[PDB]
Amino acid sequence: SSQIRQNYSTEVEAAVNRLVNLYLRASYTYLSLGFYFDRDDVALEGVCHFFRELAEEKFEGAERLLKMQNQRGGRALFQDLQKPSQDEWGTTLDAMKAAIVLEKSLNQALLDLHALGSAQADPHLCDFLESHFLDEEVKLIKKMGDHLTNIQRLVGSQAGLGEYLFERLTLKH
Amino acid sequence: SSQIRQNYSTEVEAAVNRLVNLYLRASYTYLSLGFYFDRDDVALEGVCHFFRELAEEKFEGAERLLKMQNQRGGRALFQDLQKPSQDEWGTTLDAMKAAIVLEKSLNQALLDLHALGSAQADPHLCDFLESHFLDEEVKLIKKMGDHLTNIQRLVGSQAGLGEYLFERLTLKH
Amino acid sequence: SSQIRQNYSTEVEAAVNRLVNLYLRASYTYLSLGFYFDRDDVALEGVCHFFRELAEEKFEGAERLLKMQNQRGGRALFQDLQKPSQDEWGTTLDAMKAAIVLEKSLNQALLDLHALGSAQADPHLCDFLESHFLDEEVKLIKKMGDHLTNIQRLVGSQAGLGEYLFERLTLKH
Amino acid sequence: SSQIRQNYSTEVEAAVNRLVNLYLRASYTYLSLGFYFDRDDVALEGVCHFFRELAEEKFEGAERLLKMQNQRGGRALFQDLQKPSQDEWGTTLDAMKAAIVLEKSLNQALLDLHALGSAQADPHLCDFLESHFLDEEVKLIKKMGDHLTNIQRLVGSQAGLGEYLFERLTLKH
Amino acid sequence: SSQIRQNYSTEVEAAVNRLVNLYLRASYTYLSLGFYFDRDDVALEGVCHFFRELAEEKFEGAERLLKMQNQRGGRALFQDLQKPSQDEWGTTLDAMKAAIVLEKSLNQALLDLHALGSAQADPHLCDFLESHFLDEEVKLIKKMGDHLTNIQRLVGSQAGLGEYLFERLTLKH
Ligand SMILES: CCN(CC)c1ccc2nc3c4ccccc4c(=O)cc-3oc2c1
Ligand SMILES: CCN(CC)c1ccc2nc3c4ccccc4c(=O)cc-3oc2c1
Ligand SMILES: [Cl-]
Ligand SMILES: [Cl-]
Ligand SMILES: [Cl-]
Ligand SMILES: [Cl-]
Ligand SMILES: [Cl-]
């Protein structure tokens, strides 16, 4: 409320609510990816666990945004959450490509919100994103690119063999 | 590569590579300073250890820049490393003055890169420098100024005595 | 200085300084190899760690030479450090071949310095090299040859698969 | 005796006995230096302890030579031990200069014996000296030069003050 | 000697000495196999360790036979030990086939000695072989057959890949 709100624009408040939607959508996408890889006809446990972990990380991101919204005196507003873009996610390669596309979209939304904060002279917002989101996103995208490269190297002329080996020797934990 | 690169300009990529060169040059300068103070005709162990520690710190700085370059999708490019500016470093006072000059040069390069990042709207770069370099540099320059002042107070009319006492009671560990 | 210098020729002093340059050049080469393998489009962690460890080992070698130079009363003299021979290092096989070529060059330089020491009747120098460098180099070259052979056996008709398996089952730690 | 003696020349046997004499003479010199610094009118405990420790180290050196003589089948032969060159040793500076002169003399004797062993193709003798004497001597001479330099820096225009400070802050343990 | 010898035929005594020769020959064969796999151009550590362990096991077998010979009052007689049948041992498959051939030969020699003992009514000899040799040999031959089958399954159309995988996932310890 207005009792604590200071230097917190309506534009930033709304963009924060939009970003919560994007993180919860991303969490939902990762839930769908994770359970696809748990199908008996897909059966790649390491890939399932990778994406289920990302579902939790994205929910945590939304939670942190909602805590900050209240710390600043803004009001959380929730919208409908769109279902994921696919019901079936193809190979590990297809899935990891979809995830990197998703992560770049979230990263661009973080950068856009940082730029709005900078324009509005809101350094608390800018520090919040830098401290809890920007480097986390850069680290995750780098990890996913490393994975993509290893998955791509393993396709060669024996795709099933490569897909099994990647799950067993890189992801399974 | 382009598979992960996002909001990372060619200008920042090149300046990062330049800054790696400056840190490795600084590491090399500190290696030369450290071993000069280990000469049998100089023999100031605390001063030697001070500069050898700084050689390692500057290498670590270069390492962190190289990790970040890859996290962002840029490409490390290495250049020849210039030898240090002196083969003999004079007194502890002369050496500490040279080190503060070196550190101010690195600090200015950090500030210049921060300003480029700000101009290019690259908040990850700006946060990286603020979080791992700017305050570390400020702390080190303050330490070195404190040392300079103590060394200068000890010169008086008995320079050898002062140089021994500083090494024994401030630096030796 | 002359206050401690005994049985230490100008020829050995200069060759020691040259060898410090070669070790620091080798360290720099291994830094470049290590970070190449950390690229998102290469992504072979075990190979990166192998070469980063070698960067540190070669720096340690230079450090030991510089300590001995001072123990003997010689004077360390530093020269410019040439950049590595390549900016991109190809496959793990290409890189391991380059490393063995580098190591044989360092080994020949050690042998040449040993021979100079023997000719100058400098047994301290000869023992120093035998005790801290010759067997270390032989052990490392044997390791690298073992690696080369395993990498070569894995190329067959599925190079990407072999390169992944070598990194995962031999190098990753 | 001849029952075990193999590749052990009469020349090396005699030079070993001569070297035992030199080490025991050096031990005796250090005993005299140590007790001089324990005089009530000299009273520099750290300097006394430094030289008493060196008396023990030199005796240990003689002991090791005598063990090796018997291991090789040679026969220990003892000669009269000359008294030290001085009854009073002057300042800490005078004493440290005398000690470095003594150590260089022992080092030259080690080098001469190494050269005889090399000429006689006696690698056990050569390794023995390299492993237990040459580097120990180099390390000690470097230490003594470092001390000389610090003592010399402290003389300035207040010699008593410098002599006290060196004993208290470098040697006293 | 005759002071303890009881129910111990000259035929069994001689066959025991022959069997010691066969075990020491087998130990020597396994030493050669082990070091072949340690060559830089073969480089299969698990295979090397497998055969070096077998060298020790076969020596232990000879030792046990020699202890028993003396327990029974027979006299150990040693003969020349023939060098192994090959200087180079080919692939892991070739080597494992040679080892199974060697083990079947030792097993037949054990069975022949058991039969001689049975014919001579020497139950101590028969129990000795049953208790310390027959089942050990059966277990080892079964292990080696299991290995052969796995090596053979891995040849397919990528022999190098299979040879690496067997060493890494079955033998390396
Ligand atoms: C002279 C410029 N160069 C050559 C590129 C240096 C200088 C200093 C270095 N210091 C280290 C170092 C220091 C402490 C602990 C670990 C390490 C290490 O693993 C690698 C190093 O590499 C170095 C290279
Ligand atoms: C032959 C006459 N000389 C030379 C003056 C000896 C003889 C025996 C010595 N034994 C020791 C000794 C023995 C045990 C533990 C410590 C020490 C030591 O610190 C110094 C010694 O100094 C010696 C000199
Ligand atoms: Cl939808
Ligand atoms: Cl230059
Ligand atoms: Cl160059
Ligand atoms: Cl005399
Ligand atoms: Cl034969």
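In what follows, every chain begins at residue 1, and chains take the letters A, B, ... in the order their sequences are listed. Scope of the values below: all heavy atoms of this structure, side chains included, with no hydrogens, waters or symmetry mates.
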Under 6.0 Å from the [atom1] atom of [X], do we count more than 12 heavy atoms belonging to anything else shown?
X     : atom1 : result
E:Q79 : CD    : no
E:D80 : CG    : no
E:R52 : CZ    : no
E:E56 : CD    : no

Completion exercise
When rounded to the nearest 0.5 Å, the distance separating OG1 of C:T170 from CD of E:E45 is 9.5 Å
Handout entry: Atom pair CG (C:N150) and CZ (E:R168), whose distance is rounded to the nearest 0.5 Å
Key =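 If I round to the nearest 0.5 Å, the distance is 7.0 Å.
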Taking all non-hydrogen atoms of both residues into account, name the closest pair between [X] and [Y] and its distance.
X      : Y      : answer
C:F166 : E:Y164 : CA-OH, 3.5 Å
C:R153 : E:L44  : NH2-CD2, 3.6 Å
E:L165 : C:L165 : CD2-CD1, 4.2 Å

Practice task
Verify, without hydrogens or angle tests, whether C:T149 (side chain) and E:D40 (backbone) share a donor-acceptor contact under 3.5 angstrom.
Solution key: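 Yes, because the side chain of C:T149 sits within donor-acceptor range (under 3.5 Å) of the backbone of E:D40.
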Exercise for the section: State, with a plain yes or no, whether a side-chain heavy atom of E:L169 is found less than 4.5 Å away from one of C:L169. Expected result: yes
Practice task
Salt-bridge test for E:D38 and C:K142: reply yes if a basic N is under 4.0 Å from a carboxylate O, no otherwise.
Solution key: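 Answer for the salt bridge query: yes.
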